[PDB]
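Remarks on the structure that follows.
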Amino acid sequence: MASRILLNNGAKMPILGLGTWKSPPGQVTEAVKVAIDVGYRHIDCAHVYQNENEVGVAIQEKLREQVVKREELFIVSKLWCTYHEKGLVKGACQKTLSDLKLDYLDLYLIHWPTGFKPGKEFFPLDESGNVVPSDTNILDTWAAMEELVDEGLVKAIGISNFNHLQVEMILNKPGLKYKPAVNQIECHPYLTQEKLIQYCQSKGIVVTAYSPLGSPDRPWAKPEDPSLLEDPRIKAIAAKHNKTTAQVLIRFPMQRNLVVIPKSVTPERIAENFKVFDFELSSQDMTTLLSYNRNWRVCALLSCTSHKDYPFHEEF
Ligand SMILES: NC(=O)c1ccc[n+]([C@@H]2O[C@H](COP(=O)([O-])OP(=O)(O)OC[C@H]3O[C@@H](n4cnc5c(N)ncnc54)[C@H](OP(=O)(O)O)[C@@H]3O)[C@@H](O)[C@H]2O)c1
Ligand SMILES: O=C(O)CN1C(=O)C[C@@H](c2ccccc2)Sc2ccccc21
Ligand SMILES: O=C(O)CN1C(=O)C[C@@H](c2ccccc2)Sc2ccccc21
């Protein structure tokens, strides 16, 4: 299994990255350092995770230790929803760059297609429990992302949580300057995303699978929710290959030509999660894992279902 995939900007993206959502500032510095030591070169970040300073410290530390070169790293961050206004995008990107102590990002994503009212608060809600949106739109936000490229702040731009119609909006944009390189979407055996993956891949857009382990630490988890890591059917697949359930869950997207970004702050797990280039899932295993699809989302953005750009009304 080649370790990197070719992007439409000529750059190569490692197919296995480290997630950092919910990684406490108290622990992510260690997490990243260990990740880099055991082979990870792609780190998935976001301003909204409010830990990019601590990620940056780890990277800086390992550059000065001479463990890795900036050029070998693929650092990804995302524009949060309260910064969709054209006038706010550069400042949002430069803040991320400053926190990460970098002078470029390899990839910068619009985190969600939905713009939220600008302000200090990351998720402003109204008295009905719905998000307070902003007067922004995807195309205008995209043009703002293009300038980041044209100014050298990021090497590639993409999108996250966009449905195929929203992607299409950008693709068909008059005066398009840069095609999206990546669409980062939730993907695992309970949400297999066949049609959206088909769509993106046919459009030369690389797909990154988030929550590949089913995000057991998601803050809104309910006891009765489906649990991938516990799923006895998947454990059985793992046992057969003498690997852990998580390793099977990370290898699965890899064999669908996806990028995958499992999150851990546990040093032992960070290392284990990377040990997935030494076995292959059988044709039967893949077919089987794909058959567990339930269209079940970790991240359904339920507070925004009335937003004009809410992505998950569409079938895909
Ligand atoms: N673009 C978006 O809107 C979006 C949305 C969600 C996620 N993402 C990105 O995708 C990453 C991955 O998704 P995620 O954080 O939702 O969840 P995930 O990676 O599916 O699951 C992380 C959970 O799994 C546990 N874990 C990791 N390795 C394990 C192993 N080998 N055995 C047992 N448990 C293990 C972690 O625990 P410990 O950390 O305590 O070890 C943590 O609780 C995020 O961190 C983020 O970078 C992007
Ligand atoms: O419902 C979801 O899909 C996730 N969800 C959010 O969308 C609601 C969000 C929120 C909570 C409080 C103030 C502002 C915003 S984040 C959240 C937290 C707990 C539970 C759920 C959420
Ligand atoms: O967007 C992600 O990558 C995950 N995620 C967050 O990082 C946003 C998080 C948040 C919500 C409210 C105040 C502060 C932070 S949780 C969340 C909820 C819905 C959707 C997404 C999130």
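Structure determined by X-ray crystallography, 1.7 Å.
Any Cβ shown, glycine's included, is placed from N, Cα and C.
Taken verbatim from Swiss-Prot:
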type	residues	note
MOD_RES	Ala2	N-acetylalanine
MOD_RES	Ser3	phosphoserine
BINDING	10-19, 211-273	NADP(+) binding site
ACT_SITE	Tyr49	active site, proton donor
SITE	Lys78	site 'Lowers pKa of active site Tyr'
MOD_RES	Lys95	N6-acetyllysine
BINDING	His111	substrate binding site
MOD_RES	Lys222	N6-acetyllysine
MOD_RES	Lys263	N6-acetyllysine
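With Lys263 (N6-acetyllysine) as the anchor, the candidate binding-site residues are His111, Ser211, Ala221, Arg251, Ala271, and the one with the nearest CA is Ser211. Spatially, by CA atoms, the recorded positions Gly10, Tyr49, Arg251, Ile261 include one closest to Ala2 (N-acetylalanine), and that is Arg251.
Less than 6 Å separates the Cβ from ligand 1 in the case of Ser211, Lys263, drawn from the recorded positions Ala2, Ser211, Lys263, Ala271 in sequence order. Cα distances from the residue listed as 'phosphoserine' to the binding-site residues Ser211, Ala221, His241, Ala271 are smallest for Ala271. Note: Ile261 (NADP(+) binding site) has non-local neighbours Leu16, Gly17, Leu18, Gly19, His42, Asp44, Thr208, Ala209, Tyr210, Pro212, i.e. same-chain residues 6+ apart with C-beta under 8 A of its own C-beta. With respect to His241 (NADP(+) binding site), the closest of these recorded positions in Cα terms is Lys222, chosen from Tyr49, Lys78, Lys95, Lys222.
Most other Cβ atoms within 10 A: among the recorded positions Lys78, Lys95, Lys222, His241, that distinction falls to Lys78.
Here the Cα atom of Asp231 (NADP(+) binding site) is found 16 Å from that of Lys222 (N6-acetyllysine). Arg251 (NADP(+) binding site) sits 25 Å from the residue listed as 'substrate binding site', taking the CA atoms of both as reference points.
DSSP assigns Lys95 (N6-acetyllysine) to a helical segment in the three-state reduction. Using CA atoms as reference points, the recorded positions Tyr49, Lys95, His111 were checked against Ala221 (NADP(+) binding site), and the closest is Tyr49.
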